[PDB]
């Protein structure tokens, strides 16, 4: 997975992600109105939304759980795989705000209006490995949270504590921990976006054979660390050189570079890991944009067109049918 936050030329804030998995999670785009009571049937735990929510998720055992989404106030959150270095408590910890893994994303979006509000609430928080149903293990996760102020944070629970990092990179991938990736960026201080046309090697003249010689050394594989480096620098380059050109499609161009392609990222179970979908939320406007591996046309769902004072969950069908514009 790759998370990305990007400000447009008009001052709007985009936040979204690549979803990198080898399976379907029966996903749909889920809208939840204000004052809606979500009840988990297995453990009787309840959540009533303060703010309306829109995002990608699934309804499991009659309970909504999210992969990424936003609320009506322009707060966004995405859950990304975090298989190594993660540690959840087995049960509730006395004196803490205990949040089940499956419910963390919804807990953020339903309750808070800003990154600053979330940061305060997380000071005494603990993420607990309570199954959504039966005894099913929760997915190993860490979260990126971003809002209309342009501020982003990263939430990672380890065996030590619940870490909340300020994210000045604007990106997130997977393991290792966020501080590891930030330190890893320092190894690439020698990268250059500007073409290096020549090098005088003593008696031999060296000439650039094509565009892009400044970035030689950039890692090209699909590991979380390599993807983190690529997205961090691609984002930086666009902001530095083309701030006044940043719009919706640019978000997708950045994430396309770190997208997994069928056949080349094979799991030990011999399945192809794919970028199943790419989502981009315009936080101010409350519009959820996305495309899929099967259908690259961007689809838009505007939460503000729905009744925020409604009484039911509304779902929209995940679009995996290629949409072609037939010109003639």
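Positions refer to the first chain, counted from 1.
**Student:** Which is higher in the entry, the mean Cα B factor of 242-250 or that of 224-232?
**Tutor:** It is 242-250.
**Student:** If you take the mean CA temperature factor per stretch, which one wins between 73-81 and 125-133?
**Tutor:** Comparing 125-133 with 73-81, the higher average CA B-factor belongs to 125-133.
**Student:** Between 219, 190, 202, 176, which one tops the list for Cα B-factor in this entry?
**Tutor:** Largest recorded C-alpha B-factor: 202.
**Student:** Using the temperature factors in the entry, find which of 63, 51, 66, 31 has the highest value at its Cα atom.
**Tutor:** Most elevated C-alpha B-factor of the set, per the entry: 63.
**Student:** Is the Cα B-factor recorded for residue 88 in the lowest, middle or highest third of its chain?
**Tutor:** For residue 88, whose C-alpha B-factor we compare with every modelled residue in the chain, the answer is the highest third.
**Student:** Considering only modelled residues of the same chain, in which third does the CA B-factor of residue 9 rank: lowest, middle or highest?
**Tutor:** CA B-factor rank for residue 9: highest third.
**Student:** Just say lowest, middle or highest third for the CA B-factor of residue 42 relative to the other modelled residues in its chain.
**Tutor:** For residue 42, whose C-alpha B-factor we compare with every modelled residue in the chain, the answer is the highest third.
**Student:** Based on the deposited C-alpha B factors for this chain, I'd like to know if residue 208 is in the lowest, middle or highest third.
**Tutor:** Within its chain, residue 208 is a highest-third residue by C-alpha B-factor, going by the deposited values.
**Student:** Quick check on the deposited entry: does the C-alpha B-factor of residue 274 sit in the lowest, middle or highest third of its chain?
**Tutor:** According to the entry, residue 274 has a C-alpha B-factor in the chain's middle third.
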